[PDB]
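Form deposited in one PDB entry, single chain, as structure tokens, below.
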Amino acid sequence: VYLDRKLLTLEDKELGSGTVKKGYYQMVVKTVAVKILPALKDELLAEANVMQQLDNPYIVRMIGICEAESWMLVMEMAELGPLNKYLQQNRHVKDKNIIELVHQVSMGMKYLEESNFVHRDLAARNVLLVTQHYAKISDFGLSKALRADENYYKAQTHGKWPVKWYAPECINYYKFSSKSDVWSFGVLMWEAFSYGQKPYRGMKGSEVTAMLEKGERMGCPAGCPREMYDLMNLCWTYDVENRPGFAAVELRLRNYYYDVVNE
């Protein structure tokens, strides 16, 4: 869990910015991504505590923690980076390939759901690419392990929230469940088939709430197959009780993907 600073080699060229830096952990050497930093230290440990309990091919794995110059969270490297930026820079990625990637995210989220963890920041910017055909879910900074007796996590304060990705019950009742993550997943799908474009462009969070309250939803991205747009809309079911879970979502995507592969 706690890593050996001597065995960590950091690179000067930062990946982005709190900063994330590329590095090497001497096991072979494993290429790693390193998130470098009271409350912000508490958040990192909480985040590490979450990742420590998760074991799945479609989630970013934690290597461990290291306290030196700053507190560091050492994770496996997804070399191609965020999905949204990737698709912005690679506009000829084929539809079949987009379905493959979004399905992989649904498999990761089906596992998280089975594990009774809520992600709470599921957006294209937090899906990272190991290859053009291999996506992982990253960024567990808002994630919560659900209590054994509850189906949701109740937030207290409302603090720095990606509103355009959040379900009505999140905005109106501060309640976060795996079905709320499904809502987020629909927005992620829209982003992916929009080649990394921002959802609800030009709109205030409040105007998004108003739009959704009117039953209005974002339109089908150009070239997006009807069946994936239907699935998007199913994820954006207003009533949480009638919104599908990730078992249902993953299976839809799985079948469609195989049947796209057949053609």
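The first residue of the shown sequence is 1; numbering continues from there.
Another form, the form deposited with a partner chain bound, is not on view; read the next lines as being about it.
Worksheet item: At the 4.5 Å heavy atom threshold, is residue 139 in contact with the partner chain in the deposited complex?
Response: Close contact exists here: in the deposited complex, residue 139 approaches the partner chain to within 4.5 Å, heavy atoms only.
Worksheet item: Applying a 4.5 Å heavy atom distance criterion, does residue 165 contact the partner chain in the deposited complex?
Response: It does: once the partner chain is placed as it appears in the deposited complex, residue 165 has a heavy atom within 4.5 Å of it.
Fill in: residue 184 within 4.5 Å of the partner chain in the deposited complex, heavy atoms
Because no heavy atom of residue 184 falls inside 4.5 Å of the partner chain in the deposited complex, the answer is no.
Discussion item. When the contact criterion is heavy atoms within 4.5 Å, does residue 125 count as touching the partner chain in the deposited complex?
Written reply: Taking the distances in the deposited complex, the answer for residue 125 is yes, it comes within 4.5 Å of the partner chain.
Worksheet item: the partner chain in the deposited complex: within 4.5 Å of a heavy atom of each of 94, 193 and 196?
Response: Judged in the deposited complex, none of 94, 193 and 196 sits within 4.5 Å of the partner chain.
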